[PDB]
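We begin with a single chain expressed as structure tokens, specifically the form deposited in one PDB entry.
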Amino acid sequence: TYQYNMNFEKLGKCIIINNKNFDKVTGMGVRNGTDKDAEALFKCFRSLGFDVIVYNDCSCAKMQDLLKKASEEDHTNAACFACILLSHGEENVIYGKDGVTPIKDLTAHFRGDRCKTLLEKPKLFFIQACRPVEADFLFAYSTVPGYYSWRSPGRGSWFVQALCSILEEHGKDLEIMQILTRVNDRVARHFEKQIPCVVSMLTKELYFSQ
């Protein structure tokens, strides 16, 4: 009653945009580690039951088309939708490899109206980007685009590490907010700066199980 009905054929689709090499004409160097993060995320989410697909070095066109096309799909037997973005970011904007595109435009497509099939179902956006308020949307930022998010060349971001670890072990028993909160604490505890940020328009508790 107080939970999102997960009784569906599929858990849902999980698009993982992984931008690592940005065209010079943007002024943003390679994101060594995003490859580590991504693989981690791929497993973690595939493990939750998502039909996950990874897209590398996407342009603002590719990224917009991707999200556009996905929203257009039929999500009837889908429990929800998940999108994970990994790249450079600024004021509410995400970096393509050839420029910058506004996050709002990526989520726009899945709004209640533009995507009848996902209506009433959770839309999840996990955004990791160092430098659209509609119901049932949830955003989880590695940290605001302005403040820097700590990585580790061959170890990946703390956020992603924490998120995959927590999800790996509790992705089945904790509610989505509990997990993200632990991710919050864990990322936070690293410094002892950066604190992830969760924005939730969810109307029911979210559980990737039963």
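Take the two forms, find the largest set of C-alpha atoms that superpose within 1.5 Å, and that set is the rigid core. So that there is no doubt, residue numbering starts at 1 and follows the sequence shown. Residues that one form lacks are left out of the comparison.
What comes next is about the form deposited with a partner chain bound, which is not displayed.
Residues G12, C83 and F125 all lining the partner chain in the entry with it bound, heavy atom within 4.5 Å:
Checking in the entry with it bound: none of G12, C83 and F125 is within 4.5 Å of the partner chain.
4.5 Å heavy atom contact, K36 and the partner chain in the entry with it bound
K36: no contact with the partner chain in the entry with it bound.
Heavy atom to heavy atom, is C130 within 4.5 Å of the partner chain in the entry with it bound?
Contact with the partner chain, yes.
The partner chain contact at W158 in the entry with it bound, heavy atom, 4.5 Å
Yes, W158 sits close enough to the partner chain in the entry with it bound that at least one of its heavy atoms falls within 4.5 Å.
Is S59 close enough to touch the partner chain in the entry with it bound, meaning at least one heavy atom pair within 4.5 Å?
Although the partner chain is absent here, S59 would stay clear of it in the entry with it bound, with no heavy atoms inside 4.5 Å.
Just give me the single entry in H109, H88, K97, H75 that has a non-hydrogen atom within 4.5 angstroms of the partner chain in the entry with it bound.
Flagged contact: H88.
Have a look at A162, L66, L48, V144 and give me the residue whose C-alpha moves 2 Å or more between the shown form and the other one, with the fit done on the rigid core.
Result of the superposition: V144 is the only one at 2 Å or more.
Rigid core superposed, please list the runs of 3+ consecutive shared residues whose C-alphas all move by 2 Å or more between the shown form and the other one.
Run 144 to 146 stands out as the only one displaced between the shown form and the other one - at least 3 residues long.
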